[PDB]
Amino acid sequence: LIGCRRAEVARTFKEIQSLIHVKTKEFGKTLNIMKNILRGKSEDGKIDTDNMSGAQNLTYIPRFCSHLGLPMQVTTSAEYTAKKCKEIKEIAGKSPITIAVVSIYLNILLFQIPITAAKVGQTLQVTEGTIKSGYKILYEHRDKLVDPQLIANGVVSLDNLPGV
DNA sequence: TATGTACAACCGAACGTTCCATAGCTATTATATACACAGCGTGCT
């Protein structure tokens, strides 16, 4: 996990857990210990940048979109939505995985790709209820979650996003 | 001269299983906090 993060190609805890069979508690405690060790030998003996921070959600979006087979235009829109999604306090505390998945789902229905949430959550191993629950929060601020140029050109209109 | 007799020469070792010794992890209780996930139950169609 540290090695992936240092290379700017960071992965998620679940993705690494798919190969190495270790439950979450031991994983977290070991990671905290090793980070302290690296920091300790960075001062006495660099190590981290803006990347070392846990969330760094923008890095996950390109791979998650690839798993769904979306075009690059949707991926860029998802990155913009996820980047601006941190201004909302009702969602900012959520896990970076959900922040990226809900942003991807918002754009999937914005460009009208026929992929249902039942498969988006099944592909990225995220509960469908969580996806739709988060989508509701990412509906009161849609004007701030869509790139101005895309709406200006005419590629996407905000009336294609269903409203509850 | 002839015949006898005598003499001289030409099984190891690799692997597996059991037996001490030390240290560490596991489980439980309480509490605030918050997220995600897996259930159960009730109304709707």
Members of the stretch A:120-141 that are part of a loop (DSSP other than H, G, I, E, B), surrounded by 15 or more Cβ atoms within 10 Å (Cβ to Cβ) and within 11 Å of DNA strand B (Cβ to nearest atom): A:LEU124, A:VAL126
Yes or no: A:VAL101 under 22 Å from A:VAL9 (Cβ atoms), of a type in the set (A, V, I, L, M) and touching a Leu at 6+ places or on another chain (Cβ under 6 Å)? yes
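Within 13 Å of the chain's Cα centre (by Cα), closer than 26 Å to A:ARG5 by Cα, buried (at least 17 other Cβ atoms within 10 Å of the Cβ) and among the small types (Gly, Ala, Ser), is that true of A:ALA82?
Numbers: within 13 Å of the chain's Cα centre (by Cα): yes; closer than 26 Å to A:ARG5 by Cα: yes; buried (at least 17 other Cβ atoms within 10 Å of the Cβ): yes; among the small types (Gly, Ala, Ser): yes.
Yes, satisfied.
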For A:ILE91, work out the one condition from (1) part of a helix (DSSP H, G or I); (2) over 10 Å from the mean Cα position of the chain (by Cα); (3) hydrophobic (A, V, I, L, M, F, W, C); (4) more than 16 Å from DNA strand B (Cβ to nearest atom) it doesn't fulfil. (4)
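Of the residues A:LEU150, A:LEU145, only one is away from DNA strand B (no atom under 16 Å from the Cβ) and within 25 Å of A:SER53 (Cα to Cα); which? So that I can check it myself, show each step before the final result.
Details: A:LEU150 fails: within 25 Å of A:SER53 (Cα to Cα).
After ruling out the rest, the residue left standing is A:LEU145.
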Quick check on my filter: what residues within the stretch A:87-118 are in contact with a helix residue (DSSP H, G or I) (Cβ under 8 Å, 6 or more places away or on another chain), exposed (fewer than 15 other Cβ atoms within 10 Å of the Cβ) and charged (D, E, K, R)? A:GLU87, A:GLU90
More than 12 Å from DNA strand B (Cβ to nearest atom) and under 25 Å from A:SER18 (Cα atoms): does that describe A:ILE97? no
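Condition first: part of a helix (DSSP H, G or I) and in contact with a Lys or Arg (Cβ under 8 Å, 6 or more places away or on another chain). Now tell me which residues in the stretch A:142-164 satisfy that.
To start, the set of residues in the stretch A:142-164 that are part of a helix (DSSP H, G or I) comprises A:142-144, A:148-153, A:158-160.
Those that are part of a helix (DSSP H, G or I) and in contact with a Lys or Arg (Cβ under 8 Å, 6 or more places away or on another chain): A:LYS144, A:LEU158.
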Might you check whether a residue that is within 13 Å of DNA strand B (Cβ to nearest atom) and assigned to a helix (DSSP H, G or I) occurs anywhere in the stretch A:34-42? no
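Of these, A:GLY154, A:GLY54, which one is under 30 Å from A:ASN36 (Cβ atoms) and exposed (fewer than 13 other Cβ atoms within 10 Å of the Cβ)? Break it down into steps so the answer makes sense when it comes.
Values: A:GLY154 fails: under 30 Å from A:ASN36 (Cβ atoms).
Result: A:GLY54 is the single residue among A:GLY154, A:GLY54 that is under 30 Å from A:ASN36 (Cβ atoms) and exposed (fewer than 13 other Cβ atoms within 10 Å of the Cβ).
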Applying the selection to the stretch A:21-33, what residues are away from DNA strand B (no atom under 12 Å from the Cβ) and among the β-branched types (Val, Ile, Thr)? none
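Values quoted throughout were computed directly from the atomic coordinates according to the rules given, and no laboratory measurement underlies them. Reconstructed Cβ throughout: ideal geometry from the backbone, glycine too, with neighbour counts over all protein chains shown.
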